[PDB]
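Asks: Take this structure first; my questions come after.
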Amino acid sequence: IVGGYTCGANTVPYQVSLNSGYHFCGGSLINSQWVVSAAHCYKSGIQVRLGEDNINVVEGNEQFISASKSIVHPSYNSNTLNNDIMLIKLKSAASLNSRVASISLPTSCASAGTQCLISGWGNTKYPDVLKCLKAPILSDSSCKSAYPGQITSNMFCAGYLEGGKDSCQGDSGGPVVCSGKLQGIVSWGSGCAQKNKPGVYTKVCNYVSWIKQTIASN
Ligand SMILES: [Ca+2]
């Protein structure tokens with residue numbers, strides 16, 4: 001997260017840290033046993049860390065649960081990054097508090113200019129404290145204006161054309177929550193915080209059926 005601010009301890013209860021010895025990706029707790037992340041963050045061994053703020057110091061609110069299942073979206077594309085979405089099933093049921101809570105799936109797709117909240121432990125140019133960012137949802141055409149012929153259907157732009165505020169490496173798989181709903185997943189972009197190159201996010205609105213089906217199937 002570039003050009004953002006320190007979130008404040010446990011104000012983002014759904015925000016989790018994907019770990020394999022060291023933080024590499026972020027994620028979103030959508031129910032007690034399932035973390036949603038990015039398909040390009042996939043690896044054999046994944047430990048999901050919840051209730052975090054400083055991931056370098058044990059502060060006494062963390063939950064360390066390994067992943068039972070790592071289900072990459074069947075139609076994931078490695079080049080176009082189409083369907084950059086992945087599901088994680090925890091080894092044990094996560095204990096939900098006020099510091100560890102779920103985030104609601106898209107009730108519907110969000111309007112253009114919807115104020116969102118992006119968060120993650122990614123690069124600011126990795127920090128230790130969680131970084132917060134408030135950015136609006138850009139229109140589909142403006143998203144295609146920035147990325148000509150690169151934007152698919154399951155992608156939208158959330159951020160700024162002015163530059164300075166964007167998601168980056170390490171924030172991948174992180175949440176983009178707009179009005180109580182997880183609308184975007186940190187996917188890709190041309191570097192970070194560059195002008196007219198905002199972050200592209202996986203459109204979670206189009207996967208509620210897929211996500212729910214996968215949960216019921218596992
Ligand atoms: Ca900690």
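How things are named: the first chain in the structure tokens is A, the next is B, and so on; residues count from 1 in each chain; ligands count from 1 in the order shown.
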Select from chain A every residue with an atom at most 12 Å from any atom of ligand 1, then for each give the shortest pair of atoms and their distance in Å to one decimal, using only C-alpha atoms and all ligand atoms, rows by chain and rising number, as CSV.
Replies:
```
residue,atom,partner,partner_atom_place_in_ligand_line,distance
A:9,CA,ligand 1,1 (Ca),9.8
A:10,CA,ligand 1,1 (Ca),10.2
A:16,CA,ligand 1,1 (Ca),11.1
A:17,CA,ligand 1,1 (Ca),10.3
A:23,CA,ligand 1,1 (Ca),11.8
A:49,CA,ligand 1,1 (Ca),8.9
A:50,CA,ligand 1,1 (Ca),9.0
A:51,CA,ligand 1,1 (Ca),7.6
A:52,CA,ligand 1,1 (Ca),4.9
A:53,CA,ligand 1,1 (Ca),5.7
A:54,CA,ligand 1,1 (Ca),4.5
A:55,CA,ligand 1,1 (Ca),4.3
A:56,CA,ligand 1,1 (Ca),6.0
A:57,CA,ligand 1,1 (Ca),4.7
A:58,CA,ligand 1,1 (Ca),4.0
A:59,CA,ligand 1,1 (Ca),4.7
A:60,CA,ligand 1,1 (Ca),6.9
A:61,CA,ligand 1,1 (Ca),7.2
A:62,CA,ligand 1,1 (Ca),6.1
A:63,CA,ligand 1,1 (Ca),9.3
A:64,CA,ligand 1,1 (Ca),10.4
A:128,CA,ligand 1,1 (Ca),9.0
A:129,CA,ligand 1,1 (Ca),9.0
A:130,CA,ligand 1,1 (Ca),10.4
```
Asks: Quick one: write out the picked residues with N, CA and C atoms as a PDB file, in the first residue's frame?
Replies:
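To be explicit, this is the file written out as result_13.pdb:
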```
ATOM      1  N   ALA A   9      -4.724  -0.935  15.248  1.00  0.00           N
ATOM      2  CA  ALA A   9      -4.772  -2.339  15.647  1.00  0.00           C
ATOM      3  C   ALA A   9      -6.163  -2.963  15.541  1.00  0.00           C
ATOM      4  N   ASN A  10      -6.254  -4.015  14.730  1.00  0.00           N
ATOM      5  CA  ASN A  10      -7.441  -4.863  14.642  1.00  0.00           C
ATOM      6  C   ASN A  10      -8.720  -4.140  14.225  1.00  0.00           C
ATOM      7  N   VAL A  16      -6.377 -10.881   6.739  1.00  0.00           N
ATOM      8  CA  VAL A  16      -5.475 -11.918   7.225  1.00  0.00           C
ATOM      9  C   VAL A  16      -4.145 -11.862   6.485  1.00  0.00           C
ATOM     10  N   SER A  17      -3.141 -12.532   7.039  1.00  0.00           N
ATOM     11  CA  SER A  17      -1.826 -12.596   6.415  1.00  0.00           C
ATOM     12  C   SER A  17      -1.508 -14.015   5.962  1.00  0.00           C
ATOM     13  N   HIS A  23       5.564 -13.488   5.481  1.00  0.00           N
ATOM     14  CA  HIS A  23       4.398 -12.933   4.800  1.00  0.00           C
ATOM     15  C   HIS A  23       4.652 -12.757   3.305  1.00  0.00           C
ATOM     16  N   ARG A  49      -2.711 -16.390   8.949  1.00  0.00           N
ATOM     17  CA  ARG A  49      -2.593 -15.693  10.223  1.00  0.00           C
ATOM     18  C   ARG A  49      -3.669 -14.622  10.360  1.00  0.00           C
ATOM     19  N   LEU A  50      -4.468 -14.728  11.417  1.00  0.00           N
ATOM     20  CA  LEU A  50      -5.581 -13.812  11.635  1.00  0.00           C
ATOM     21  C   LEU A  50      -5.360 -12.974  12.889  1.00  0.00           C
ATOM     22  N   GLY A  51      -6.124 -11.892  13.017  1.00  0.00           N
ATOM     23  CA  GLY A  51      -6.039 -11.023  14.178  1.00  0.00           C
ATOM     24  C   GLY A  51      -4.679 -10.370  14.329  1.00  0.00           C
ATOM     25  N   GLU A  52      -4.130  -9.899  13.214  1.00  0.00           N
ATOM     26  CA  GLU A  52      -2.797  -9.309  13.206  1.00  0.00           C
ATOM     27  C   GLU A  52      -2.819  -7.792  13.054  1.00  0.00           C
ATOM     28  N   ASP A  53      -1.728  -7.164  13.475  1.00  0.00           N
ATOM     29  CA  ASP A  53      -1.458  -5.764  13.177  1.00  0.00           C
ATOM     30  C   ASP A  53       0.031  -5.641  12.891  1.00  0.00           C
ATOM     31  N   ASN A  54       0.837  -6.060  13.862  1.00  0.00           N
ATOM     32  CA  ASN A  54       2.279  -6.159  13.689  1.00  0.00           C
ATOM     33  C   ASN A  54       2.679  -7.623  13.528  1.00  0.00           C
ATOM     34  N   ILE A  55       3.005  -8.016  12.300  1.00  0.00           N
ATOM     35  CA  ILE A  55       3.290  -9.414  11.988  1.00  0.00           C
ATOM     36  C   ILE A  55       4.722  -9.820  12.330  1.00  0.00           C
ATOM     37  N   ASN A  56       5.450  -8.933  13.000  1.00  0.00           N
ATOM     38  CA  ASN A  56       6.813  -9.231  13.423  1.00  0.00           C
ATOM     39  C   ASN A  56       6.910  -9.381  14.937  1.00  0.00           C
ATOM     40  N   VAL A  57       5.814  -9.075  15.625  1.00  0.00           N
ATOM     41  CA  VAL A  57       5.759  -9.164  17.080  1.00  0.00           C
ATOM     42  C   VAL A  57       4.458  -9.815  17.537  1.00  0.00           C
ATOM     43  N   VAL A  58       4.568 -10.856  18.357  1.00  0.00           N
ATOM     44  CA  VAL A  58       3.391 -11.494  18.936  1.00  0.00           C
ATOM     45  C   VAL A  58       2.727 -10.547  19.929  1.00  0.00           C
ATOM     46  N   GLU A  59       1.491 -10.155  19.637  1.00  0.00           N
ATOM     47  CA  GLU A  59       0.799  -9.157  20.445  1.00  0.00           C
ATOM     48  C   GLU A  59      -0.352  -9.754  21.255  1.00  0.00           C
ATOM     49  N   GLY A  60      -0.665 -11.021  20.998  1.00  0.00           N
ATOM     50  CA  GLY A  60      -1.608 -11.752  21.827  1.00  0.00           C
ATOM     51  C   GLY A  60      -3.046 -11.794  21.338  1.00  0.00           C
ATOM     52  N   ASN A  61      -3.249 -11.554  20.047  1.00  0.00           N
ATOM     53  CA  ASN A  61      -4.587 -11.618  19.468  1.00  0.00           C
ATOM     54  C   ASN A  61      -4.601 -12.424  18.175  1.00  0.00           C
ATOM     55  N   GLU A  62      -3.483 -13.082  17.886  1.00  0.00           N
ATOM     56  CA  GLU A  62      -3.300 -13.764  16.611  1.00  0.00           C
ATOM     57  C   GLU A  62      -3.834 -15.193  16.619  1.00  0.00           C
ATOM     58  N   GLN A  63      -4.203 -15.674  15.436  1.00  0.00           N
ATOM     59  CA  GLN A  63      -4.597 -17.064  15.248  1.00  0.00           C
ATOM     60  C   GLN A  63      -3.814 -17.664  14.085  1.00  0.00           C
ATOM     61  N   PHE A  64      -3.078 -18.735  14.360  1.00  0.00           N
ATOM     62  CA  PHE A  64      -2.242 -19.369  13.347  1.00  0.00           C
ATOM     63  C   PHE A  64      -2.833 -20.702  12.901  1.00  0.00           C
ATOM     64  N   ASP A 128       5.595  -3.352   8.998  1.00  0.00           N
ATOM     65  CA  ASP A 128       5.222  -4.300  10.038  1.00  0.00           C
ATOM     66  C   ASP A 128       3.764  -4.117  10.434  1.00  0.00           C
ATOM     67  N   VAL A 129       3.325  -2.864  10.480  1.00  0.00           N
ATOM     68  CA  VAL A 129       1.941  -2.553  10.809  1.00  0.00           C
ATOM     69  C   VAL A 129       1.090  -2.492   9.544  1.00  0.00           C
ATOM     70  N   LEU A 130      -0.158  -2.935   9.661  1.00  0.00           N
ATOM     71  CA  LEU A 130      -1.078  -2.985   8.529  1.00  0.00           C
ATOM     72  C   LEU A 130      -1.370  -1.593   7.972  1.00  0.00           C
TER      73      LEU A 130
END
```
Asks: Which neighbours of segment 185-193 of chain A fall inside 6 Å, counting only C-alpha atoms, when residues of the same chain fewer than 5 positions from it are skipped, and could you give them as a list in words?
Replies: residues 163, 164, 165, 166, 168, 172, 173, 174, 175, 176, 199, 200, 201 and 202 of chain A
Asks: From the list A:79, A:70, A:117, A:48, which residue is nearest residue 92 of chain A when using only C-alpha atoms?
Replies: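 That would be A:48, the residue with the smallest distance to residue 92 of chain A.
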Asks: If DSSP is run on the backbone, what residues of segment 8-167 of chain A are strand (DSSP E)? A reply as a PyMOL selection string would be ideal.
Replies: chain A and resi 15-19+23-31+34-37+47-50+63-72+86-90+117-120+131-133+137-138+155-158
Asks: What are the DSSP alpha helix (DSSP H) residues of segment 11-214 of chain A, as a PyMOL selection string?
Replies: chain A and resi 140-146+208-214
Asks: Near segment 138-149 of chain A, counting only C-alpha atoms, which residues have an atom at most 12 Å away, once you skip same-chain residues fewer than 2 positions from it, shown as number ranges by chain?
Replies: A: 80, 110-116, 135-136, 151-162, 184, 188-190, 194-201, 203
Asks: Choose the residue, out of A:27, A:89, A:67, A:12, that has the smallest atom-to-atom separation from residue 214 of chain A; count only C-alpha atoms.
Replies: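 Closest to residue 214 of chain A, using only C-alpha atoms: A:89.
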Asks: At a cut-off of 9 Å, using only C-alpha atoms, what residues contact residue 4 of chain A? Leave out same-chain residues fewer than 3 positions from it and give the result as a VMD selection string.
Replies: chain A and resid 1 7 119 124 131 to 134 164 to 166
Asks: For the selection you just gave me, I'd like the residues written to a file as a CSV table (one decimal), in the first residue's frame, keeping N, CA, C and O atoms.
Replies:
```csv
chain,number,residue,atom,x,y,z
A,1,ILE,N,0.8,-1.2,0.0
A,1,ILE,CA,0.0,0.0,0.0
A,1,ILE,C,0.9,1.3,0.0
A,1,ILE,O,1.6,1.5,0.9
A,7,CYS,N,-3.4,1.4,9.7
A,7,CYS,CA,-4.8,1.1,9.9
A,7,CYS,C,-5.2,1.4,11.4
A,7,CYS,O,-6.3,2.0,11.6
A,119,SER,N,-6.4,-2.7,2.1
A,119,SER,CA,-5.5,-2.9,3.2
A,119,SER,C,-4.5,-4.1,2.9
A,119,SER,O,-4.9,-5.0,2.1
A,124,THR,N,5.4,-0.1,0.4
A,124,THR,CA,5.0,1.2,0.4
A,124,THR,C,5.7,2.1,-0.5
A,124,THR,O,5.4,3.3,-0.7
A,131,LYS,N,-1.3,-1.5,6.7
A,131,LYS,CA,-1.5,-0.2,6.0
A,131,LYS,C,-2.9,-0.1,5.4
A,131,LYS,O,-3.4,-1.0,4.8
A,132,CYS,N,-3.6,1.0,5.7
A,132,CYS,CA,-5.0,1.3,5.2
A,132,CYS,C,-5.0,2.3,4.0
A,132,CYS,O,-4.1,3.2,3.9
A,133,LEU,N,-6.0,2.1,3.1
A,133,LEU,CA,-6.1,3.0,2.0
A,133,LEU,C,-7.6,3.2,1.6
A,133,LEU,O,-8.3,2.2,1.3
A,134,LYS,N,-8.0,4.4,1.5
A,134,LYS,CA,-9.4,4.7,1.1
A,134,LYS,C,-9.4,5.2,-0.4
A,134,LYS,O,-8.9,6.3,-0.7
A,164,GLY,N,0.1,7.8,-6.6
A,164,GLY,CA,0.5,8.0,-5.2
A,164,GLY,C,-0.2,7.1,-4.3
A,164,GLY,O,0.3,6.7,-3.3
A,165,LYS,N,-1.4,6.6,-4.7
A,165,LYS,CA,-2.2,5.7,-3.8
A,165,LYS,C,-2.6,4.5,-4.6
A,165,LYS,O,-3.4,4.6,-5.6
A,166,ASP,N,-2.1,3.3,-4.2
A,166,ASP,CA,-2.3,2.1,-4.9
A,166,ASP,C,-1.9,0.9,-4.1
A,166,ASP,O,-1.3,1.0,-3.1
```
Asks: Go through A:5, A:121, A:14, A:24 and flag the residue nearest residue 38 of chain A, using only C-alpha atoms for the distances.
Replies: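 For residue 38 of chain A, the nearest of the candidates is A:24.
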Asks: Tell me, in Å to one decimal, how far atom CA of residue 43 of chain A is from atom CA of residue 180 of chain A.
Replies: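 Result for atom CA of residue 43 of chain A versus atom CA of residue 180 of chain A: 29.2 Å, one decimal.
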Asks: When you look at residue 210 of chain A with a cut-off of 12 Å (counting only C-alpha atoms), what residues show up, excluding the ones that are within fewer than 3 positions of it in the same chain? I need them as a list in words.
Replies: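 Non-adjacent residues within range: residues 36, 71, 72, 73, 74, 75, 83, 85, 86, 87, 105, 204, 205, 206, 207, 213, 214, 215, 216 and 217 of chain A.
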Asks: Store the residues picked out above in a file with C-alpha atoms, as a compact mmCIF listing (two decimals), in the first residue's frame.
Replies:
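Final output, out-v1.txt:
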```txt
# COMPACT_ATOMS: atom_id res chain seq x y z
CA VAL A 36 -10.41 -15.93 -0.02
CA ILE A 71 -8.51 -24.38 -4.52
CA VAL A 72 -7.42 -22.20 -7.43
CA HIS A 73 -10.19 -21.04 -9.78
CA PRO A 74 -10.44 -23.64 -12.59
CA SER A 75 -10.55 -20.94 -15.29
CA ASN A 83 -10.17 -15.10 -12.61
CA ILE A 85 -9.13 -15.73 -7.27
CA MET A 86 -8.34 -18.56 -4.86
CA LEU A 87 -10.03 -20.21 -1.87
CA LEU A 105 -19.65 -11.35 0.04
CA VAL A 204 -15.73 -10.68 -6.51
CA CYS A 205 -19.29 -9.83 -7.59
CA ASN A 206 -19.07 -12.45 -10.34
CA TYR A 207 -17.85 -15.31 -8.15
CA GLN A 213 -20.46 -23.81 -4.49
CA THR A 214 -16.84 -24.54 -3.58
CA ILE A 215 -17.56 -24.13 0.14
CA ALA A 216 -20.53 -26.50 -0.10
CA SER A 217 -18.42 -28.96 -2.08
```
Asks: Do you have the atom CA of residue 171 of chain A-atom CA of residue 102 of chain A distance handy?
Replies: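 Computing it gives 18.7 Å between the two atoms.
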Asks: With distances taken over only C-alpha atoms, which residue among A:45, A:40, A:35, A:107 lies nearest residue 81 of chain A?
Replies: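 Ranking A:45, A:40, A:35, A:107 by distance to residue 81 of chain A, first place goes to A:40.
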